[PDB]
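Below is one structure; the comments refer to it alone.
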Amino acid sequence: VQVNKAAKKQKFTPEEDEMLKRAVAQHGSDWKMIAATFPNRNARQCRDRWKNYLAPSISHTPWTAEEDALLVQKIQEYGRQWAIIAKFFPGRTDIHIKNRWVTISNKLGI
DNA sequence: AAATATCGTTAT
DNA sequence: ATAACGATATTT
């Protein structure tokens, strides 16, 4: 977050995360209204944080070797269509799938 | 160099 | 409005 002059990546703090979870319980998916309550956040930032990190359906367990194996197979099947591929991974979104491909492609020496 | 949450931008 | 994906910045 904020500085280092202003960081070009502003990370959500644990407190903002708590805030966001409350705002969603209160306003649902009205991202503009939600973001109005965050002085340094816009609608896009709140939506992304919720959808990919805070939503109760998101997995916070490490990637398993079975999941990795599925990813290599699904990418042979679908190519770089991350949103489609993420359908097959309960608790993971396209954001997670495309990050994981970088890491997997490293292990495979690609 | 590697890992990964965030951001620029386009297409839906 | 927001889903989608490349690409980046930050930290290790």
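Computed from heavy atoms alone, side chains included, the values below leave out hydrogens, waters and symmetry copies. Each chain gets a letter, A, B and so on, in the order the sequences are listed, and its residues count up from 1.
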query = Who are the side chain to side chain donor-acceptor pair (under 3.5 Å) partners of A:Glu77, not counting sequence neighbours?
reply =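 Per chain and number, A:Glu77 pairs via side chain to side chain donor-acceptor pair (under 3.5 Å) with A:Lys74.
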Partner residues of A:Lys9 under the salt bridge (charged side-chain N to carboxylate O under 4.0 Å, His left out) criterion, sequence neighbours left out =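 Once residues adjacent in sequence are excluded, A:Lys9 has no partner under the salt bridge (charged side-chain N to carboxylate O under 4.0 Å, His left out) criterion.
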Near DNA chain C, which residues from [range] have a heavy atom under 4.0 Å away?
range: residues 52-68 of chain A; answer: none
range: residues 13-33 of chain A; answer: A:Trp31
range: residues 80-87 of chain A; answer: A:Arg80, A:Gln81, A:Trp82, A:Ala83
range: residues 99-110 of chain A; answer: none

message = So, using side chain to side chain contact (heavy atoms under 4.5 Å, CB included) as the criterion, who are the partners of A:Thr64 when residues are at least two apart?
response =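 A:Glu66, A:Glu67.
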ask   = Tell me, do A:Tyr53 and A:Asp17 make a side-chain contact under 4.5 Å, heavy atoms counted?
value =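 No, too far: nothing below the 4.5 Å cut-off.
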query = Is there a side-chain contact between A:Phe89 and A:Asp94, using heavy atoms and a 4.5 Å cut-off?
reply =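 No - every pair of side-chain heavy atoms lies 4.5 Å or more apart.
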request  = Begin with the C-alpha distance, continue with both residues' side-chain angles, and end with the deciding distance and a verdict on side chain to side chain contact (heavy atoms under 4.5 Å, CB included) for A:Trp63 and A:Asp68.
outcome  = CA-CA 7 Å; A:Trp63 277 70; A:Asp68 276 351; 3.5 Å; yes
request  = Take nucleotides 7-12 of chain B nucleotide by nucleotide from the 5' end and write B, S or -, depending on whether a protein heavy atom sits under 4.0 Å from the base, only from the sugar-phosphate, or from neither.
outcome  = BBB---
query = Does any pair with a residue in residues 23-39 of chain A pass side-chain hydrogen bond (donor to acceptor under 3.5 Å, both in side chains), and if so which ones, sequence neighbours excluded?
reply =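 Residue pairs with at least one partner in residues 23-39 of chain A: there are none.
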If you look only at distance, which donor and acceptor atoms sit under 3.5 Å apart when one is on a side chain in residues 101-110 of chain A and the other is two or more places apart or in another chain?
residue  : atom : partner  : partner atom : Å
A:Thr103 : OG1  : A:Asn99  : O            : 3.4
A:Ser105 : OG   : A:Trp101 : O            : 3.2
A:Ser105 : OG   : A:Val102 : O            : 2.8

query = On DNA chain C, which is the earliest and which the latest nucleotide, 5' to 3', with an atom closer than 4.0 Å to a heavy atom of chain A?
reply =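 Extent of the interface on DNA chain C: C:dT2 to C:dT10.
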query = Between A:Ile34 and A:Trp50, is there a shared hydrophobic cluster once you connect ILVMFWY residues whose side-chain heavy atoms come closer than 4.5 Å?
reply =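 The answer is yes; both residues are in one hydrophobic cluster.
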task = Report yes or no: do A:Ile85 and A:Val72 belong to one cluster of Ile/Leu/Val/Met/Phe/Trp/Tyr joined by side chain heavy-atom distances under 4.5 Å?
result =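 Yes.
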message = Restricting to non-hydrogen atoms, name the atom on A:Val1 and the atom on A:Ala7 that form the minimum distance, rounded to 0.1 Å.
response =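 Heavy atoms of A:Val1 and A:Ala7 come nearest at O-CB, 3.4 Å.
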Measure the [atom1]-[atom2] distance between [X] and [Y] for me, rounded to the nearest 0.5 Å.
X: A:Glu18; Y: A:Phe12; atom1: CD; atom2: CZ; value: 12.5 Å
X: A:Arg80; Y: A:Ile97; atom1: CZ; atom2: CD1; value: 13.5 Å
X: A:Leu71; Y: A:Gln76; atom1: CG; atom2: CD; value: 10.0 Å
X: A:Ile58; Y: A:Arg92; atom1: CD1; atom2: CZ; value: 8.5 Å

key: Residue met sooner reading DNA chain C from 5', once A:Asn4 and A:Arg47 are mapped to nucleotides   =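 In this pair, the answer is A:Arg47.
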query = How long is the line joining NE2 of A:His96 and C1' of B:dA3, in whole Å?
reply =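 A:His96 atom NE2 is separated from B:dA3 atom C1' by 14 Å.
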request  = Take A:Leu20 and A:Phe38, measure what side chain to side chain contact (heavy atoms under 4.5 Å, CB included) needs, and give me the verdict at the end.
outcome  = CA-CA 9 Å; A:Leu20 212 190; A:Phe38 287 77; 3.9 Å; yes
Side-chain polar contacts of residues 39-47 of chain A - donor-acceptor pairs under 3.5 angstrom, sequence neighbours left out - could you list them?
residue : atom : partner : partner atom : Å
A:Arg41 : NE   : A:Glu16 : OE2          : 3.2
A:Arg41 : NH1  : A:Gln10 : O            : 2.9
A:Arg41 : NH2  : A:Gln10 : O            : 3.4
A:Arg41 : NH2  : A:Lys11 : O            : 2.9
A:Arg41 : NH2  : A:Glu16 : OE1          : 3.1
A:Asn42 : OD1  : A:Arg44 : N            : 3.0
A:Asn42 : OD1  : A:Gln45 : N            : 2.7
A:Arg44 : NE   : A:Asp48 : OD2          : 2.7
A:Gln45 : OE1  : A:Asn42 : N            : 2.9

